[PDB]
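Asks: Here it is: the structure, laid out below.
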Amino acid sequence: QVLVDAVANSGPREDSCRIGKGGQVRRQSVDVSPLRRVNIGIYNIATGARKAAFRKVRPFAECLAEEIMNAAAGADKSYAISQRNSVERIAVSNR
Amino acid sequence: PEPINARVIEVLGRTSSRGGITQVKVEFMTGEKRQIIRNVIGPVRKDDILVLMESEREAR
Amino acid sequence: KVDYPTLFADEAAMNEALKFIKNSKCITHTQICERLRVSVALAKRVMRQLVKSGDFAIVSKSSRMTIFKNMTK
Amino acid sequence: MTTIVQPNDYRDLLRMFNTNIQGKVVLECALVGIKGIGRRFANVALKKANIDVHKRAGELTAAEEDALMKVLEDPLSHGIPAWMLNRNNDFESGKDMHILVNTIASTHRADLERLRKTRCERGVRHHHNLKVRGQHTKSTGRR
RNA sequence: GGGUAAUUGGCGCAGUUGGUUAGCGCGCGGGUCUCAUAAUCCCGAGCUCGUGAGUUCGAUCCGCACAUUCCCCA
RNA sequence: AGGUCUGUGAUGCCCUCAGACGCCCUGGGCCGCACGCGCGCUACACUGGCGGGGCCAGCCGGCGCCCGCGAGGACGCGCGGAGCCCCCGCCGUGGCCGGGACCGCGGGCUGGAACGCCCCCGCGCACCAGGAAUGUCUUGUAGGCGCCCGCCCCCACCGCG
């Protein structure tokens with residue numbers, strides 16, 4: 001249950017892409033399909049755990065669990081939530 | 001302000017900007033049944049349930 | 001940079017580490033290393049003592065990692 | 001093992017052969033900090049001396065410390081072979097010994113002198129600092 | 001001498017008893033060379049003293065440099 | 001007017017032809033090193049290193065006994081397969097037991113001949129994931145792991161598989 005809750009709360013709901021041309025970024029805000037959302041949530045979980053356990057004494061598994069719990073709690077201490085928020089803001093800025 | 005979740009009922013092709021976006025028609029199953037058009041990234045299919053942060057934007 | 005000992009200097013073992021751990025529900029070698037700033041080996045030895053005594057119990061075991069549960073509550 | 005608490009005689013940092021040694025490391029890897037002693041030669045020396053090897057060097061009572069010295073100046077008597085030594089078939093006396101700190105630096109200096117006056121290929125090369133073995137120069141090995 | 005105003009981060013500028021404040025600018029990053037974009041991090045006796053207040057760039061007062069106008073029997 | 005007259009009893013026209021550019025012998029060199037860059041290999045560690053044990057391939061394929069720490073060696077016959085991985089322990093974020101270049105004594109193999117290749121003790125270099133710039137890839141694929149043949153007296157970080 002915790003894992004599904006995390007994969008839900010992690011995953012963007014909006015993103016920016018280049019379509020407006022005009023010789024510049026001209027990025028346009030768009031929406032995001034569910035499959036991409038789950039894929040990105042998983043990727044972010046794994047990546048955040050990986051970055052912590054490197055050259056640190058603690059093991060990979062504890063980092064994994066911590067990331068999962070924090071993301072499921074909706075807390076922004078985690079890496080996943082932070083990336084989600086980042087993307088959402090750079091998007092809404094471009095909407 | 002509060003995001004709402006819309007359903008897909010028709011996909012009407014990609015764009016020429018590297019072919020990543022796909023135009024999509026959606027309907028507010030919340031009760032309004034408004035059939036509009038948006039721009040979506042990633043693989044989509046009929047009966048998917050998009051989530052929208054705007055109740056008043058368009059595309060074309 | 002940081003250094004940690006490998007051998008407890010006498011009263012240190014009981015005046016804290018034993019006390020501290022006994023007030024923990026779950027534990028591992030590495031957590032306790034990072035918590036009271038001692039090397040991992042000493043953690044291994046101590047936890048051996050404790051499972052012998054009976055306060056803690058094993059829930060999962062393996063060469064790379066084992067984790068305990070506080071059976072004293 | 002099963003040594004949790006520092007013994008009453010724990011010695012936090014050991015000095016020996018002018019080098020200093022810490023008492024948190026296991027014994028056979030601390031001695032490697034001496035110049036002339038490695039992993040293989042140490043396990044062999046201690047064992048002959050009836051010393052535990054999986055012990056922290058701070059619990060090394062001086063009684064066990066002295067017998068260890070007695071075995072690094074006359075090791076051949078104590079059963080250790082001769083293919084395990086640093087210096088086999090010395091150029092002068094033709095004997096075999098093990099050379100520790102201080103001895104190595106002096107010994108290394110005198111060979112080059114021997115090489116120099118004798119007028120060899122290696123000696124002339126050492127003094128402009130080139131490769132002695134046949135490993136190729138030219139390619140790579142540049143700033 | 002008399003009156004008026006002002007001195008802030010490396011930069012001019014708004015801010016005045018509870019943000020060290022906005023832009024400029026520091027370099028590392030992302031964004032088809034990667035800049036105009038955006039993200040992030042950094043830059044301080046706020047000219048100098050005292051006064052009361054939970055708490056003054058911040059309210060009064062001391063003195064110095066700068067600018068405008070005005071005054072003059074050793 | 002891409003490369004190959006240096007693969008050939010494939011060749012036109014030139015040059016060399018008895019102090020020979022023919023052929024055979026002895027040595028040296030093709031490897032030399034202030035410097036710029038092209039394909040590769042090894043690592044920067046805990047999703048790990050060391051020690052012990054258990055276990056399965058394919059192109060295909062050879063073994064016993066006795067010495068020696070080992071690499072190797074003397075005899076004698078026809079017979080035959082691994083790394084990663086899994087289990088138990090040690091180390092405990094320290095340029096440290098990560099990494100293994102350089103150098104100093106010593107033991108052997110090939111060969112007419114070591115400058116070549118293997119093993120043992122000691123010493124223990126750079127390196128903390130890499131700027132402007134750039135390459136390859138869609139299922140048993142990338143990547144990781146090892147094993148065979150070719151050239152070969154000896155030798156594979158190469159190449160075909």
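Ligands are numbered from 1 in the order shown, residues from 1 within each chain, and chains are lettered A, B, ... in the order they appear in the structure tokens.
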Write out as a tab-separated table the residues of segment 4-87 of chain A that have any atom within 6 Å of an atom of segment 36-42 of chain B, one row each with the nearest atom pair and its distance in Å to one decimal, counting only C-alpha atoms, sorted by chain and then rising number.

Replies:
```
residue	atom	partner	partner_atom	distance
A:30	CA	B:39	CA	5.6
A:31	CA	B:40	CA	5.0
A:32	CA	B:41	CA	5.5
A:33	CA	B:42	CA	5.7
```

Asks: List as a list in words the protein and nucleic acid residues near residue 129 of chain D, meaning an atom at most 12 Å away when only C-alpha atoms (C1' of nucleotides) are counted, but skip any in the same chain fewer than 6 places from it.

Replies: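 Counting only the stated atoms, we get residues 122, 123 and 137 of chain D; 102 and 103 of chain F.
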
Asks: Next, write the just-selected residues to a file, as a PDB file, in the first residue's frame, keeping N, CA, C and O atoms (P, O5', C5', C4', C3', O3' and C1' of nucleotides) as the atom set.

Replies:
```
ATOM      1  N   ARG D 122      72.288   0.249 -16.494  1.00  0.00           N
ATOM      2  CA  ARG D 122      71.277   0.675 -15.538  1.00  0.00           C
ATOM      3  C   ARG D 122      71.721   1.906 -14.767  1.00  0.00           C
ATOM      4  O   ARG D 122      70.922   2.815 -14.526  1.00  0.00           O
ATOM      5  N   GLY D 123      72.985   1.953 -14.366  1.00  0.00           N
ATOM      6  CA  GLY D 123      73.439   3.058 -13.543  1.00  0.00           C
ATOM      7  C   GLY D 123      73.377   4.383 -14.265  1.00  0.00           C
ATOM      8  O   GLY D 123      72.949   5.390 -13.699  1.00  0.00           O
ATOM      9  N   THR D 137      59.027   3.784 -23.831  1.00  0.00           N
ATOM     10  CA  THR D 137      58.824   5.198 -23.574  1.00  0.00           C
ATOM     11  C   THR D 137      58.128   5.816 -24.784  1.00  0.00           C
ATOM     12  O   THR D 137      57.382   5.147 -25.504  1.00  0.00           O
TER      13      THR D 137
ATOM     14  P     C F 102      55.664  -0.347 -14.886  1.00  0.00           P
ATOM     15  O5'   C F 102      56.524   0.446 -13.807  1.00  0.00           O
ATOM     16  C5'   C F 102      56.914   1.790 -14.038  1.00  0.00           C
ATOM     17  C4'   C F 102      57.712   2.353 -12.892  1.00  0.00           C
ATOM     18  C3'   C F 102      58.958   1.587 -12.491  1.00  0.00           C
ATOM     19  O3'   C F 102      60.065   1.855 -13.323  1.00  0.00           O
ATOM     20  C1'   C F 102      57.734   2.185 -10.564  1.00  0.00           C
ATOM     21  P     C F 103      61.173   0.723 -13.547  1.00  0.00           P
ATOM     22  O5'   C F 103      61.745   0.446 -12.090  1.00  0.00           O
ATOM     23  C5'   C F 103      62.794   1.243 -11.570  1.00  0.00           C
ATOM     24  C4'   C F 103      63.028   1.001 -10.101  1.00  0.00           C
ATOM     25  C3'   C F 103      63.822  -0.235  -9.732  1.00  0.00           C
ATOM     26  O3'   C F 103      65.211  -0.078  -9.932  1.00  0.00           O
ATOM     27  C1'   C F 103      61.972  -0.005  -8.277  1.00  0.00           C
TER      28        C F 103
END
```

Asks: Kindly assemble as JSON lines a list of the chain E residues that lie within 8 Å of chain A, each paired with its nearest atom pair and their distance in Å to one decimal, using only C-alpha atoms (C1' of nucleotides), sorted first by chain and then by ascending residue number.

Replies:
```
{"residue": "E:31", "atom": "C1'", "partner": "A:25", "partner_atom": "CA", "distance": 7.8}
{"residue": "E:37", "atom": "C1'", "partner": "A:25", "partner_atom": "CA", "distance": 6.9}
{"residue": "E:38", "atom": "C1'", "partner": "A:90", "partner_atom": "CA", "distance": 7.2}
{"residue": "E:39", "atom": "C1'", "partner": "A:90", "partner_atom": "CA", "distance": 7.9}
```

Asks: Please, could you write that set of residues out with N, CA, C and O atoms (P, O5', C5', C4', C3', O3' and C1' of nucleotides) as a PDB file, in the first residue's frame?

Replies:
```pdb
ATOM      1  P     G E  31      19.850  19.529 -21.177  1.00  0.00           P
ATOM      2  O5'   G E  31      18.911  20.643 -21.825  1.00  0.00           O
ATOM      3  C5'   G E  31      17.521  20.416 -22.002  1.00  0.00           C
ATOM      4  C4'   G E  31      16.765  21.712 -22.156  1.00  0.00           C
ATOM      5  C3'   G E  31      17.022  22.483 -23.444  1.00  0.00           C
ATOM      6  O3'   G E  31      16.232  22.012 -24.523  1.00  0.00           O
ATOM      7  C1'   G E  31      17.216  23.946 -21.599  1.00  0.00           C
ATOM      8  P     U E  37      17.400  36.792 -19.855  1.00  0.00           P
ATOM      9  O5'   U E  37      16.526  35.638 -20.517  1.00  0.00           O
ATOM     10  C5'   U E  37      15.217  35.900 -21.001  1.00  0.00           C
ATOM     11  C4'   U E  37      14.348  34.671 -20.936  1.00  0.00           C
ATOM     12  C3'   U E  37      14.217  34.023 -19.567  1.00  0.00           C
ATOM     13  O3'   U E  37      13.276  34.673 -18.730  1.00  0.00           O
ATOM     14  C1'   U E  37      14.690  32.362 -21.169  1.00  0.00           C
ATOM     15  P     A E  38      13.673  35.057 -17.222  1.00  0.00           P
ATOM     16  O5'   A E  38      13.512  33.690 -16.423  1.00  0.00           O
ATOM     17  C5'   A E  38      12.266  33.013 -16.394  1.00  0.00           C
ATOM     18  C4'   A E  38      12.445  31.533 -16.179  1.00  0.00           C
ATOM     19  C3'   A E  38      13.162  31.127 -14.903  1.00  0.00           C
ATOM     20  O3'   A E  38      12.325  31.142 -13.760  1.00  0.00           O
ATOM     21  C1'   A E  38      14.110  29.969 -16.711  1.00  0.00           C
ATOM     22  P     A E  39      12.934  31.532 -12.325  1.00  0.00           P
ATOM     23  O5'   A E  39      13.725  30.224 -11.881  1.00  0.00           O
ATOM     24  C5'   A E  39      13.094  28.954 -11.915  1.00  0.00           C
ATOM     25  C4'   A E  39      14.023  27.855 -11.473  1.00  0.00           C
ATOM     26  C3'   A E  39      14.917  28.163 -10.285  1.00  0.00           C
ATOM     27  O3'   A E  39      14.246  28.079  -9.041  1.00  0.00           O
ATOM     28  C1'   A E  39      16.189  27.120 -11.974  1.00  0.00           C
TER      29        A E  39
END
```

Asks: Pull the strand (DSSP E or B) assignments for segment 1-94 of chain A out of DSSP run on the backbone, and list those residues as a list in words.

Replies: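 Filtering segment 1-94 of chain A to strand (DSSP E or B) leaves residues 15, 16, 17, 18, 27, 28, 29, 30, 31 and 32 of chain A.
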
Asks: Tell me which of C:61, C:1, C:25, C:44 sits closest to chain D, counting only C-alpha atoms.

Replies: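 Under the stated criterion, the closest residue is C:44.
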
Asks: With a distance cut-off of 10 Å and only C-alpha atoms (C1' of nucleotides), select the neighbouring residues of residue 50 of chain C, excluding the residue or stretch itself and same-chain residues fewer than 4 positions from it, and output the selection as an mmCIF file with C-alpha atoms, in the first residue's frame.

Replies:
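The result, written out as around-v2.cif:
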```cif
data_model
loop_
_atom_site.group_PDB
_atom_site.id
_atom_site.type_symbol
_atom_site.label_atom_id
_atom_site.label_comp_id
_atom_site.auth_asym_id
_atom_site.auth_seq_id
_atom_site.Cartn_x
_atom_site.Cartn_y
_atom_site.Cartn_z
ATOM 1 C CA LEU C 18 23.328 -0.355 26.105
ATOM 2 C CA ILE C 21 19.699 0.759 22.148
ATOM 3 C CA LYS C 22 17.335 -0.745 24.661
ATOM 4 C CA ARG C 45 29.682 -7.834 18.971
ATOM 5 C CA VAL C 46 27.230 -5.932 21.132
ATOM 6 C CA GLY C 54 17.134 -11.835 24.978
ATOM 7 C CA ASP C 55 16.088 -8.200 24.585
ATOM 8 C CA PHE C 56 16.327 -8.295 20.798
ATOM 9 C CA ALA C 57 15.341 -10.886 18.243
#
```

Asks: Please identify all residues of chain A having at least one atom at most 12 Å from any atom of chain B, considering only C-alpha atoms, and return them as a list in words.

Replies: residues 11, 12, 13, 14, 15, 16, 17, 18, 19, 20, 21, 27, 28, 29, 30, 31, 32, 33, 34, 35, 36, 37, 38, 39, 40, 88, 91, 92 and 95 of chain A

Asks: Restricted to N, CA and C atoms, what would the selected residues look like written as a PDB file, in the first residue's frame?

Replies:
```
ATOM      1  N   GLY A  11       5.234  11.514  -9.495  1.00  0.00           N
ATOM      2  CA  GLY A  11       4.724  11.554 -10.835  1.00  0.00           C
ATOM      3  C   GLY A  11       4.103  12.892 -11.142  1.00  0.00           C
ATOM      4  N   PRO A  12       4.637  13.592 -12.132  1.00  0.00           N
ATOM      5  CA  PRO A  12       4.115  14.913 -12.450  1.00  0.00           C
ATOM      6  C   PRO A  12       2.730  14.849 -13.059  1.00  0.00           C
ATOM      7  N   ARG A  13       2.040  15.978 -12.969  1.00  0.00           N
ATOM      8  CA  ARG A  13       0.752  16.162 -13.608  1.00  0.00           C
ATOM      9  C   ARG A  13       0.794  17.224 -14.691  1.00  0.00           C
ATOM     10  N   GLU A  14       1.973  17.747 -15.000  1.00  0.00           N
ATOM     11  CA  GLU A  14       2.122  18.807 -15.980  1.00  0.00           C
ATOM     12  C   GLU A  14       3.584  18.920 -16.361  1.00  0.00           C
ATOM     13  N   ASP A  15       3.847  19.321 -17.599  1.00  0.00           N
ATOM     14  CA  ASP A  15       5.216  19.380 -18.074  1.00  0.00           C
ATOM     15  C   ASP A  15       5.282  20.383 -19.216  1.00  0.00           C
ATOM     16  N   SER A  16       6.505  20.749 -19.588  1.00  0.00           N
ATOM     17  CA  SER A  16       6.770  21.747 -20.613  1.00  0.00           C
ATOM     18  C   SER A  16       7.536  21.127 -21.771  1.00  0.00           C
ATOM     19  N   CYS A  17       7.157  21.494 -22.990  1.00  0.00           N
ATOM     20  CA  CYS A  17       7.849  21.036 -24.179  1.00  0.00           C
ATOM     21  C   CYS A  17       7.993  22.172 -25.176  1.00  0.00           C
ATOM     22  N   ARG A  18       8.839  21.931 -26.174  1.00  0.00           N
ATOM     23  CA  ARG A  18       9.161  22.919 -27.201  1.00  0.00           C
ATOM     24  C   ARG A  18       8.312  22.652 -28.434  1.00  0.00           C
ATOM     25  N   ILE A  19       7.421  23.590 -28.730  1.00  0.00           N
ATOM     26  CA  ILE A  19       6.540  23.485 -29.885  1.00  0.00           C
ATOM     27  C   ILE A  19       6.262  24.866 -30.465  1.00  0.00           C
ATOM     28  N   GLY A  20       6.447  25.912 -29.658  1.00  0.00           N
ATOM     29  CA  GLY A  20       6.140  27.258 -30.105  1.00  0.00           C
ATOM     30  C   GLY A  20       7.171  27.881 -31.015  1.00  0.00           C
ATOM     31  N   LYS A  21       8.296  27.199 -31.236  1.00  0.00           N
ATOM     32  CA  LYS A  21       9.361  27.677 -32.108  1.00  0.00           C
ATOM     33  C   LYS A  21       9.620  29.164 -31.881  1.00  0.00           C
ATOM     34  N   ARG A  27       8.393  27.398 -24.932  1.00  0.00           N
ATOM     35  CA  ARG A  27       7.831  26.176 -24.387  1.00  0.00           C
ATOM     36  C   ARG A  27       6.352  26.350 -24.095  1.00  0.00           C
ATOM     37  N   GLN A  28       5.622  25.254 -24.221  1.00  0.00           N
ATOM     38  CA  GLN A  28       4.199  25.218 -23.948  1.00  0.00           C
ATOM     39  C   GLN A  28       3.921  24.213 -22.845  1.00  0.00           C
ATOM     40  N   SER A  29       3.087  24.613 -21.900  1.00  0.00           N
ATOM     41  CA  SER A  29       2.649  23.696 -20.867  1.00  0.00           C
ATOM     42  C   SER A  29       1.676  22.699 -21.463  1.00  0.00           C
ATOM     43  N   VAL A  30       1.746  21.462 -20.991  1.00  0.00           N
ATOM     44  CA  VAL A  30       0.960  20.374 -21.507  1.00  0.00           C
ATOM     45  C   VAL A  30       0.542  19.501 -20.340  1.00  0.00           C
ATOM     46  N   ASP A  31      -0.150  18.425 -20.662  1.00  0.00           N
ATOM     47  CA  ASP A  31      -0.540  17.430 -19.686  1.00  0.00           C
ATOM     48  C   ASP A  31       0.245  16.154 -19.911  1.00  0.00           C
ATOM     49  N   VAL A  32       0.134  15.245 -18.954  1.00  0.00           N
ATOM     50  CA  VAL A  32       0.995  14.080 -18.886  1.00  0.00           C
ATOM     51  C   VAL A  32       0.138  12.832 -18.753  1.00  0.00           C
ATOM     52  N   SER A  33       0.485  11.814 -19.528  1.00  0.00           N
ATOM     53  CA  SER A  33      -0.257  10.573 -19.560  1.00  0.00           C
ATOM     54  C   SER A  33       0.074   9.689 -18.361  1.00  0.00           C
ATOM     55  N   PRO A  34      -0.870   8.860 -17.922  1.00  0.00           N
ATOM     56  CA  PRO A  34      -0.642   8.087 -16.696  1.00  0.00           C
ATOM     57  C   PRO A  34       0.562   7.170 -16.746  1.00  0.00           C
ATOM     58  N   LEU A  35       0.785   6.527 -17.882  1.00  0.00           N
ATOM     59  CA  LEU A  35       1.879   5.580 -17.979  1.00  0.00           C
ATOM     60  C   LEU A  35       3.197   6.271 -17.701  1.00  0.00           C
ATOM     61  N   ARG A  36       3.388   7.435 -18.308  1.00  0.00           N
ATOM     62  CA  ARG A  36       4.571   8.225 -18.036  1.00  0.00           C
ATOM     63  C   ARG A  36       4.658   8.577 -16.566  1.00  0.00           C
ATOM     64  N   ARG A  37       3.522   8.851 -15.945  1.00  0.00           N
ATOM     65  CA  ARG A  37       3.541   9.237 -14.549  1.00  0.00           C
ATOM     66  C   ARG A  37       4.098   8.126 -13.681  1.00  0.00           C
ATOM     67  N   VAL A  38       3.614   6.907 -13.878  1.00  0.00           N
ATOM     68  CA  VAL A  38       4.097   5.805 -13.059  1.00  0.00           C
ATOM     69  C   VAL A  38       5.559   5.509 -13.361  1.00  0.00           C
ATOM     70  N   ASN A  39       5.937   5.553 -14.635  1.00  0.00           N
ATOM     71  CA  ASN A  39       7.325   5.308 -14.989  1.00  0.00           C
ATOM     72  C   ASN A  39       8.243   6.297 -14.297  1.00  0.00           C
ATOM     73  N   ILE A  40       7.880   7.574 -14.340  1.00  0.00           N
ATOM     74  CA  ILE A  40       8.711   8.603 -13.751  1.00  0.00           C
ATOM     75  C   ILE A  40       8.752   8.469 -12.247  1.00  0.00           C
ATOM     76  N   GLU A  88       6.695  20.971 -12.082  1.00  0.00           N
ATOM     77  CA  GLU A  88       5.414  21.650 -12.096  1.00  0.00           C
ATOM     78  C   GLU A  88       5.590  23.157 -12.180  1.00  0.00           C
ATOM     79  N   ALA A  91       6.858  24.423 -15.461  1.00  0.00           N
ATOM     80  CA  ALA A  91       5.781  24.333 -16.432  1.00  0.00           C
ATOM     81  C   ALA A  91       4.803  25.475 -16.273  1.00  0.00           C
ATOM     82  N   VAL A  92       4.174  25.570 -15.105  1.00  0.00           N
ATOM     83  CA  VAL A  92       3.140  26.573 -14.897  1.00  0.00           C
ATOM     84  C   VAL A  92       3.678  27.954 -15.233  1.00  0.00           C
ATOM     85  N   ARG A  95       2.976  28.103 -18.926  1.00  0.00           N
ATOM     86  CA  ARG A  95       1.622  27.899 -19.392  1.00  0.00           C
ATOM     87  C   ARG A  95       1.111  29.159 -20.065  1.00  0.00           C
TER      88      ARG A  95
END
```

Asks: Pick out the residues sitting within 12 Å of segment 33-38 of chain D, and hand them over as a ChimeraX atom specification; count only C-alpha atoms (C1' of nucleotides), and ignore anything fewer than 2 positions along from it in its own chain.

Replies: /D:14-22,25-31,40-46,72,84-87,97-105 /F:96-97,104,121-124

Asks: As a PyMOL selection string, could you give me every residue of chain C near chain A (at most 12 Å apart, counting only C-alpha atoms)?

Replies: chain C and resi 27-35+37+39-40+64-67

Asks: Next, the residues of the selection above should be written as a compact mmCIF listing (two decimals), in the first residue's frame with N, CA and C atoms.

Replies:
```txt
# COMPACT_ATOMS: atom_id res chain seq x y z
N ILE C 27 16.59 -1.83 14.77
CA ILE C 27 18.00 -1.48 14.80
C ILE C 27 18.76 -2.33 13.80
N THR C 28 19.94 -1.85 13.45
CA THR C 28 20.84 -2.48 12.51
C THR C 28 22.25 -2.03 12.85
N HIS C 29 23.24 -2.71 12.27
CA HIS C 29 24.62 -2.38 12.61
C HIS C 29 24.97 -0.96 12.18
N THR C 30 24.55 -0.59 10.98
CA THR C 30 24.94 0.68 10.40
C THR C 30 24.25 1.86 11.06
N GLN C 31 22.98 1.70 11.41
CA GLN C 31 22.29 2.76 12.11
C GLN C 31 23.02 3.12 13.38
N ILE C 32 23.32 2.11 14.19
CA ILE C 32 23.99 2.32 15.46
C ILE C 32 25.40 2.85 15.25
N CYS C 33 26.08 2.44 14.19
CA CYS C 33 27.34 3.10 13.85
C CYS C 33 27.17 4.60 13.68
N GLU C 34 26.18 5.01 12.90
CA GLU C 34 26.01 6.43 12.62
C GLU C 34 25.41 7.19 13.79
N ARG C 35 24.77 6.48 14.70
CA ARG C 35 24.03 7.10 15.78
C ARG C 35 24.97 7.56 16.89
N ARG C 37 28.37 6.95 16.78
CA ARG C 37 29.69 7.26 16.24
C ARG C 37 30.74 6.27 16.74
N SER C 39 32.51 2.31 15.23
CA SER C 39 32.60 1.47 14.06
C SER C 39 31.60 0.32 14.13
N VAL C 40 31.43 -0.34 12.98
CA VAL C 40 30.35 -1.31 12.80
C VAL C 40 30.64 -2.59 13.56
N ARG C 64 24.99 -9.87 4.34
CA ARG C 64 25.09 -8.44 4.08
C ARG C 64 24.36 -7.62 5.13
N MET C 65 23.28 -8.14 5.70
CA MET C 65 22.50 -7.34 6.62
C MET C 65 21.51 -8.21 7.38
N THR C 66 21.43 -7.97 8.68
CA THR C 66 20.41 -8.53 9.54
C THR C 66 19.81 -7.40 10.34
N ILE C 67 18.55 -7.56 10.73
CA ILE C 67 17.85 -6.52 11.46
C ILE C 67 17.11 -7.16 12.61
```

Asks: Counting only C-alpha atoms (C1' of nucleotides), what is within 10 Å of residue 100 of chain F, bar same-chain residues fewer than 5 positions away, as a list in words?

Replies: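 Contacts, in chain order: residues 42, 43, 124 and 125 of chain F.
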